[PDB]
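Single chain ahead, written as C-alpha cells, the form solved without ligand THG.
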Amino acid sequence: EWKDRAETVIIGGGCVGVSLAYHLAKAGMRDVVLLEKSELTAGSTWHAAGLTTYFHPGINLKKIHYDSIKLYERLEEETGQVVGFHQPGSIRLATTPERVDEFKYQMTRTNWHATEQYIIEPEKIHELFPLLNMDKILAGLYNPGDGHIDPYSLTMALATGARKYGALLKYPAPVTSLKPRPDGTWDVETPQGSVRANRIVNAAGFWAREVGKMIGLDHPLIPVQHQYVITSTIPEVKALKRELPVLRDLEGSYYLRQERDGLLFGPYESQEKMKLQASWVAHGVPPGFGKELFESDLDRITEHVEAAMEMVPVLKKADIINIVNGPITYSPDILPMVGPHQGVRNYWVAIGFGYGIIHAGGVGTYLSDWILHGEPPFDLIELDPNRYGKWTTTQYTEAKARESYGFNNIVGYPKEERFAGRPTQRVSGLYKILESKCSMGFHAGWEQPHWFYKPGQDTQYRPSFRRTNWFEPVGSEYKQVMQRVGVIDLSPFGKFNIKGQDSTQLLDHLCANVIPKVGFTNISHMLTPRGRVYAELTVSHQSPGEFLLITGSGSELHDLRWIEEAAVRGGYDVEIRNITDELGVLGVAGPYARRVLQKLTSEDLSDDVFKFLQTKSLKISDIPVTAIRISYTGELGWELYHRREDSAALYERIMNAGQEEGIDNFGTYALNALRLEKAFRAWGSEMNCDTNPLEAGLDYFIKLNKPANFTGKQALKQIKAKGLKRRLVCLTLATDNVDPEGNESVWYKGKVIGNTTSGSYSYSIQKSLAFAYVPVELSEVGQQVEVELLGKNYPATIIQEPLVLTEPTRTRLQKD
C-alpha cells in the first residue's frame, strides 16, 4: 500500500497533522496521505499534559478551542475508540483586584461568543476545588465542560477516523526532499518512495524549521523546554468522588490538574530562567531524538513549586513521582503559523504550536475548510504564517520566544506593549530621531509612534484596563491635527508595485471598486469568492499600466499572497514587486498642511491644481516623493511616499518649514481617534473574512455594475437581494474612566445582541465612540443599547455617521 500520487501530503503525524488528515478525508478529499518520520505522536504530542480549555484571551481563537472540544466529545462514538477526555471544568484564579478586572475584560469579550464562561465567587471555587487555599482568592474565571485529554488516545482515535474516511498514514516514512514543479505541484521523497502531491502541508513539530529549509524558507521557530511535576497518591484527593477541575494559578504562574489520585502541575517560570534549544536552531534537531525527554531541573522552577505548595496545602506533604521536561515548538508571539505560505505554490503550514493539543481539532477543520474552499471559514490573520518576514531573525525569534514563555500568565492589559528583541532591523533613520520623543509601537517588525511625550507628563509604559498616561497627549494630538498640522510616520504600510500588460485586468478582477484612471487613487477591496472582505487597499494608478497598492501593516504578505495567487491562477501577465521595505511614508494633515508643504516644493499644491485623491510625482526640498492627496485623518493632507533612507531628511525639512504654523507630531492612537470621527472603517476591525462589505457599510466602494466579473460580485448580489441580517453602526456613550476599544458585548433588554469592533474617546464631543455590529431591527439612528465595559453596562445611542465630515466634504459644501 503506497501511493505515488496524492492530492495532499501531510508531513508529520503529531496531533496536528493527524487531525488535519482526518478532517480532509472526512470532508471527502481523495488520496490524502500523511508521512510520519517514525511513529504517530513521536514529537511533542506524546509527552503533553493534555490540558484542553475553552478559555482563550484573543477572539476567534475561541472558535478553535470550541471546535476542538466539541470534536473531542464526539470521537469515541464516532470511531469506536476511547479518548480519555476528562471534563471537570477549568478555573483561572484571581488573587488581586487588577486580576479581577482582567476577568471582566475577558467576560465582555466572551459574552458574544457561544463559548460558555463565567466569573465565579470564592464559595463556589471552594465547592469545586475543596483543597484550595481560599486566603487570597477573590474570584475565579470558570469554563465548565472542559478539562484535559490523553494526547496519545486522542491522536490514535483521530487516526482511525482518518483511515476510516480514506486517508493513508505511512510510517516510518520520513520526508527527505521536496521539489516544486512548474505546474505548482510537488515531488516528495521518502525511503519508501516518491509522492507527487498537488499540495504539501508542514506539520512537523520542532522539525518544522528543517522541513521549511528543504524548500528555501526560514520558519521563525525555536523549540523551548517545558516541565510539569506529577505527584504520588494523595489521601484527600483519592477520598473525593468527583474529579477536581483544572486550575491556573496566575500569580504563581502554573497550571494544575488532577492526575489519577494525585496532582500534576506545570510552571511557566521567568523569561530569565526558562531554557530553549538554540543549539537545535543553529545545527538542527539531533537525529534519533524521538519519543524522548530532557533531563529534569526542579531547581529552576522552585519559586513556582512553592507558590503551588501554599495554594494547595496538600502538595506540602506529597512526594514527586515524576517530572516531564520536553520541547514545544514556539513562534515569537506564542501563536502558531496556520495557512498557505506566501511566495511559493501550494505549500501550507500548521506549525509552531504552544498549545497543539487544544488547537489540533479546530485547526484541522479550519485548514481543511481553507484548503477545499480557497478561503478561510473565519478570520485568523493573527495566525497567518506570513505575519513574519526577513526581520524575524533567529536572534529576534530566540528572544521573543523566551519572553512569550515567561509572560504566559502575566496580566494581559489592553494595548499591551512588549520590548524584547526590539528594535528589529526594520526601521528608518526616523527611529533614531523620534524614539526618545514618543512611545514606539511594534507592528510586524516596525517601530511606529503610538503617542508623543508631553513636557510635565509621565512618559513610561503604564498599562491599564482604564484610561492611562496617553489619554491627555492623545487629545492634544487630536487638537493638533484639527487646528494646525500634524506629521505622522505611516511607513509600516504594505506597498506593492504592479505593472505588465494585464495589470489593469488583474486588479479589475481582484477588487470590487473601479480601477482608477492614471493620476488618481481610490480605496478598493479584495473580496473572497463568498463575498468576505479579504483586504482593503488604496490603489494608485501612477503611469498608464502601472500601480501602487497600499495596505495595513498586519496585512502585507497576506494580501500579497492572495494577489500573487490570482495572477498565477488566471495566467495574468504581470510583474508584482513588494516594495514595502524600500519606502517610507509620511502623512501631513490638518488645515495648515498645504501652507506648510507649499513652502517646500515648486509643485503647485492649490485646491485649484491638486485635487483630493490625485497622485503626482514631485520633489520636496530636492527629495523625490510621490504625493497623494489623502489622509485617514479625513482632514486636509497628503501622504508622501519616498525612499527609506530619505525619511529623516524629509521629516527634518517638513518640521522646520512648519515652525510658524506650530507643526507637531502625531501617532496612531490619535489617528484612530480621528478616523473613527469620520466613520472610516479599518480592515481587521470593522471588516475582514468574517464580514461582507455591505453589512460593514462599504457600499460606496463596491461597484456591482462594473463590467468585469470580480471575485465575489455574484455572492454579493445574492446577499444584497436576500437582505441584510445585521449592520455596522456608530455608537456614542458617556463613561467615567474607560473607553471601548472593540470586541465588547452589546446588550439590549437583558440579552447580548452583538459586539463592538473598535472604539475611542471622541475629544470633540466629550464622549466615547464605538463601531458595533447589531441586528438590523436595532440599527436606527437614535436606538438605545448597553455596552459592557469592564463589568459595567453603559448606555449607548446609535448616531448618524459620520460624526464629523471629511475636509473634502466640508470644502465642497462651502461652494454650495
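Start at 1 and count along the sequence shown; that's the residue number.
Would you tell me which stretch averages the higher CA B-factor in the PDB entry, 608-616 or 634-642?
So the stretch with the higher mean C-alpha B-factor is 608-616.
Higher average CA B factor in the deposited record is what I'm after, so tell me if that's 659-667 or 548-556.
Going by the record's values, the stretch with the higher mean is 659-667.
From the list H56, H47, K37, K63, select the residue with the highest C-alpha B factor recorded in the entry.
Largest recorded C-alpha B-factor: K37.
Using the entry's values, work out which of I498, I328, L380, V411 has the largest Cα B factor.
Highest C-alpha B-factor among the listed residues goes to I498.
Please place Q598 in the lowest, middle or highest third of its chain by C-alpha B factor as given in the entry.
Its C-alpha B-factor, which the entry lists for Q598, ranks in the middle third among residues of this chain.
Taking the chain's C-alpha temperature factors as the reference, tell me which third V18 falls into: lowest, middle or highest.
It belongs to the lowest third of the chain when residues are ordered by C-alpha B-factor.
Among the chain's modelled residues, which third holds the C-alpha B-factor of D67?
Middle third.
For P808, does the deposited CA B-factor place it in the lowest, middle or highest third of the chain?
Its C-alpha B-factor belongs to the highest third of this chain's values.
Please say which third, lowest, middle or highest, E310 falls into when its CA temperature factor is compared across its chain.
Middle third of the chain for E310's C-alpha B-factor.
Below: the form solved in complex with ligand THG, not depicted.
Since only the chain is shown here, I'm wondering whether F612 would be in contact with ligand THG in the entry with it bound (any heavy atom pair within 4.5 Å).
Flag for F612 set to yes.
Residue-level contact is defined here as any heavy atom of the residue lying within 4.5 Å of ligand THG in the entry with it bound; does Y700 satisfy this criterion?
Although ligand THG is absent here, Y700 would touch it in the entry with it bound, with heavy atoms inside 4.5 Å.
Is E744 part of the interface with ligand THG in the entry with it bound - any heavy atom within 4.5 Å?
It does not: once ligand THG is placed as it appears in the entry with it bound, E744 has no heavy atom within 4.5 Å of it.
Just to confirm, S90 within 4.5 Å of ligand THG in the entry with it bound by heavy atoms?
No, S90 sits far enough from ligand THG in the entry with it bound that none of its heavy atoms falls within 4.5 Å.
Which of these residues, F265, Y366, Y534, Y641, gets a heavy atom within 4.5 Å of ligand THG in the entry with it bound?
Looking at the other structure, the residue within range turns out to be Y641.
From the list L650, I234, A512, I550, which entry has a heavy atom within 4.5 Å of ligand THG in the entry with it bound?
Here the answer is residue option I550.
Choose one stretch from 633-641, 97-105, 296-304, 383-391: the one whose residues place a heavy atom within 4.5 angstroms of ligand THG in the entry with it bound.
Every other range fails; the passing one is 633-641.
Among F493, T538 and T806, does every residue place a heavy atom within 4.5 Å of ligand THG in the entry with it bound?
Contact check passed for all of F493, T538 and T806.
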